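Take a look at this one chain, the form deposited without the partner chain, written out in structure tokens.
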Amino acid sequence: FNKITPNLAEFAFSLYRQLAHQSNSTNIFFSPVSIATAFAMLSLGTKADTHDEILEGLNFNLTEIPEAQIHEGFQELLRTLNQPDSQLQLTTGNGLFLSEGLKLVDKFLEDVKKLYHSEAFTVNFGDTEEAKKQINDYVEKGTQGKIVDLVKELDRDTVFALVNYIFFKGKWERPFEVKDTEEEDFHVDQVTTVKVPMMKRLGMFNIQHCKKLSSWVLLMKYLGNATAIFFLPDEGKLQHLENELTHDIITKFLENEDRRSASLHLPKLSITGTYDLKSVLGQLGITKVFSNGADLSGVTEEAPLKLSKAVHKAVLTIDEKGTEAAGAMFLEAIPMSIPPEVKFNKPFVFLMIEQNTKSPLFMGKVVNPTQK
């Protein structure tokens, strides 16, 4: 439900398939939305090919969609993700660190803080260790201690760095009971298991088995404007599941509101994803902004400039209840027939969607819960 939603979904997938390709034995978790928003904001300080590469690498076809529509699209998205009276409890931030002694262009600083409500700071890159400390302290402080020592090192000639972080710990509209959480096996291989805390509940879930995706598909809503979608592939269908996913298929799932009884087993976990955006977005065609040929004339008017560092960290916590604050009670009418046992006890894929815009807030893959 947003002009740029289709683009963000395409970006989420190209990014996902990129990461899934590098290796299939690691947990994947990232925010298509936080990354795309950061880079769209950055493009504002770039021009020509440098600029164009960035928007195209974010899956926007400049021959078909006007730039003004792109930014307004991100604007509406932001005005939604962070509103007063309503909170999905999303801790996110984007920090720009530019060399002191650089003559920055006002308009850029205005756009960053006013339009994309982001943060720009000036630091002394002459002192690498102190620069790193300030950057890391920024993240730590923004996540109240959940993300520490993010940046492990800086290039010798670093003059501009970008940090993008996001932490999500949502509250289910229909929570699990802690007393029902017990240790269960999780099949990493078809012949190997490992124990992990497993949440479980008998109720009416928006769950179904999809022939095309060869997977079970579960949708659960979070307090706020978000919805989690879990895809459990049949035996040997993970790769098929990954290839067959599409924005149209996901939109269809979100339209369905049918519920059926089931005994659901869902792992209680905490996973993280840390990526070097220069490397990852590089594989998506975004290379000039990170090179000596970078046209960042919208950032600094007279001196050479390029983005030498760009990091993204996404943290997800899934548990029985997002808070100790008991939620209002409700009663579901569960039939007396035998409910299917649907267990997320093997590699599965997931996506978190923002209900209004339908933007892909998060996307990931759990290969082994006890991996972190």
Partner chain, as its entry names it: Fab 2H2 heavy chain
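Residue numbers count along the first chain shown, from 1. Here the rigid core means the biggest group of C-alpha atoms that line up within 1.5 Å when the two forms are laid on top of each other.
The next section is about a form of this same protein that is not shown, the form solved in complex with the partner chain.
The closest heavy atom approach of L269 to the partner chain in the deposited complex falls within 4.5 Å. Remark: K195 counts among the residues lining the partner chain in the deposited complex, judged by a heavy atom distance of 4.5 Å or less.
At a distance threshold of 4.5 angstroms between non-hydrogen atoms, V191 is out of contact with the partner chain in the deposited complex.
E182 belongs to the set of residues with a heavy atom inside 4.5 Å of the partner chain in the deposited complex.
Counting a residue when any of its non-hydrogen atoms is within 4.5 Å of the partner chain in the deposited complex, there are no hits in 36-56. Just one of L78, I249, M204, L109 moves its Cα by 2 Å or more between this form and the one not shown on a rigid core overlay, and this residue is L109.
After superposition on the rigid core, the Cα of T323 moves by 2 Å or more between this form and the one not shown. Shown in the overlay between this form and the one not shown, fitted on the rigid core, is a CA shift at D137 of 2 Å or greater. After superposition on the rigid core, the Cα atom of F186 is displaced by less than 2 Å between this form and the one not shown.
Distance between the C-alpha atoms of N27 and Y165: longer in the deposited complex than here (change of 3 Å or more).
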